[PDB]
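Just one chain is shown here, as structure tokens, and it is the form solved without adenosine-5'-diphosphate.
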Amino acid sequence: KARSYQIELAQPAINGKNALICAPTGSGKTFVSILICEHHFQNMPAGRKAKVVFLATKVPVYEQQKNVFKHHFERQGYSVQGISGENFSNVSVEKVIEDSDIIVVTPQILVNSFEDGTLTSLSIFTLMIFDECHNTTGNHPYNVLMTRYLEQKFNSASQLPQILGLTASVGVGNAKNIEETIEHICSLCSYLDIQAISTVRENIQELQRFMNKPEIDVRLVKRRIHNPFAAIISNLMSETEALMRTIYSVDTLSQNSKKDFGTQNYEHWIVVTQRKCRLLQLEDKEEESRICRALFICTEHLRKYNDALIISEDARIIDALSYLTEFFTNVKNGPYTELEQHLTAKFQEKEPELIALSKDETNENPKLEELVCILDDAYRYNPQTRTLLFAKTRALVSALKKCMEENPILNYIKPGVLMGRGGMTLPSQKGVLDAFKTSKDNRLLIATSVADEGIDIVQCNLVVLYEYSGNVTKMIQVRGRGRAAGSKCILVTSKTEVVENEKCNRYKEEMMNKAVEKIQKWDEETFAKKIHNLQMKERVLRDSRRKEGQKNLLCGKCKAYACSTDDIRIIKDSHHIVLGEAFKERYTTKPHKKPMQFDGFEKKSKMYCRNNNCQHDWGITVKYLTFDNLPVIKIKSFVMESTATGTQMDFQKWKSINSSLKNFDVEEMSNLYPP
């Protein structure tokens, strides 16, 4: 049965107005949407029947919500079906929509169906429900769909579906004051054609009985007093930069580094430098290859050292050292050219000293010490605690897992780890979460942002944000993982900037709530005028952007010639194969480590530059239709060279190239083989 605040939240939409339902995670927004659906079904005009679509951004959420809708509505005689990437290829989308009263989807399913001409109008629906609707920005599938809706609205020749958006946070964007915050919220509202914002106003006491906002503890801790590990690695980085400058004057290509080793700024500098180094053009093409390859190696090595410094700041020296020894093992097992041998030798000269450091107990990381004390204190107090420990990077989560496995909390608590997909598969993710829910001693989950929201996780008594910073929306989401009476959320940092960020979040969240209240005081006319003027601005920008050559592909590492754009064919808008016997000379293959079928293709092999001194990954080979071992190239593996000007360019997406490429044609293909 419905809580009073749920009935309250539904009211603006029960009248047929487009509504944005902003309420805390776990407050039952999906149930509110179900109330709205029930009213919708029962009050259609004569001659009409409803057709509802519920959109979710993540597969596990799609699965969760599909089950909820089936259970609620099938018993009332409604057909409820789901489509996601798991079954998209096994079904006809048009046919599922024809046969279903309610369809639950991931939004790309609908985008693909407009793209392929299966669907021609959103007037096929009477109600569209967007879960996590704050994701409606840019080229997100939600905004691709809403752009289509708004184009229909503008043409004013069709009945639009009602729109319902669900979110726990409208956010603040880059706003610094209430005026800017109102503007940000109205922008989000404009993209979804919202007509009213629905929050709990009358039944706040009831809401507060069900939803307890976690108690925050921001703890500022110290760095190590002395940092000999960082000194040794820093010196190796200085030496590597100097070596790089003897190979080629990198300053004529990208600016000189600030030598701010062990920072994200340095990481970014390396990456920008790598981008510039691969585009180096020389008249002597052999020299271009030699220099580009050498610079590729030097920058990769600098990156790994920088990574190790960052790991050492948050975890143990032995975790940083480990990361490096695993890298150097890979280096030894690869092309392992003379430059690679030299860099490896320079590391191995210092490795004894680094090992000795990694064992000295006076070198312990105080931040990690704080973390262990926090966890000890919590489990000692309440042995039934379940904790979610958030950390930013895969490398740090992996290090923390090792720490907590080797040194169990109170000598018995065991960690599980949740990361994003490669990586971990959705089945793997669910397995870890099942164990964390039920296990007697597995009471600690260490996770990246995969755990912020969406996927079902057991409620946690303790949420620890280990150097885990972000915006207002992220802090609202992570809070919702620790939703119970008695729950705590602790942020642990050695950075005064992170403390200040969290202070700003508190202020901004207050600003957001106030902005919403001010908007809610506007009458319908005022609100609609504001949203309309934003939509017309949007349109004028979109329309202006719409009205607004042959290349060789070169190996992105060694600059060897790969193929011509003339040789490429596009399969199903996405997959770029290369035709002809000539290309076969250019690459070599190894069996694919995860040979699987998707999109009608069977993966066979990985494809590499044939140069043993290079071995750069170029893509895969696949079986498709009547053809085996077709090479599928990935654009990020190559540099493009204009045959007209000789100029080299970097493309991270196929968009700007595809226009110039031919589509796959089964007849053309069939002719390239003996009869």
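Throughout, we count residues from 1 along the sequence that is shown.
Although not depicted, the form solved in complex with adenosine-5'-diphosphate is the subject of the following passage.
Inset, instruction - Although adenosine-5'-diphosphate is absent from this view, report whether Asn658 comes within 4.5 Å of it in the entry with it bound, heavy atoms only. - result: No.
Legend entry - Distance check, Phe31 to adenosine-5'-diphosphate in the entry with it bound, heavy atom within 4.5 Å: Close contact exists here: in the entry with it bound, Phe31 approaches adenosine-5'-diphosphate to within 4.5 Å, heavy atoms only.
Legend entry - 4.5 Å heavy atom contact, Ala2 and adenosine-5'-diphosphate in the entry with it bound: Taking the distances in the entry with it bound, the answer for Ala2 is yes, it comes within 4.5 Å of adenosine-5'-diphosphate.
Legend entry - is_contact(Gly26, adenosine-5'-diphosphate) in the entry with it bound, heavy atom dist at most 4.5 Å: Answer yes; at least one heavy atom of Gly26 falls within 4.5 Å of adenosine-5'-diphosphate in the entry with it bound.
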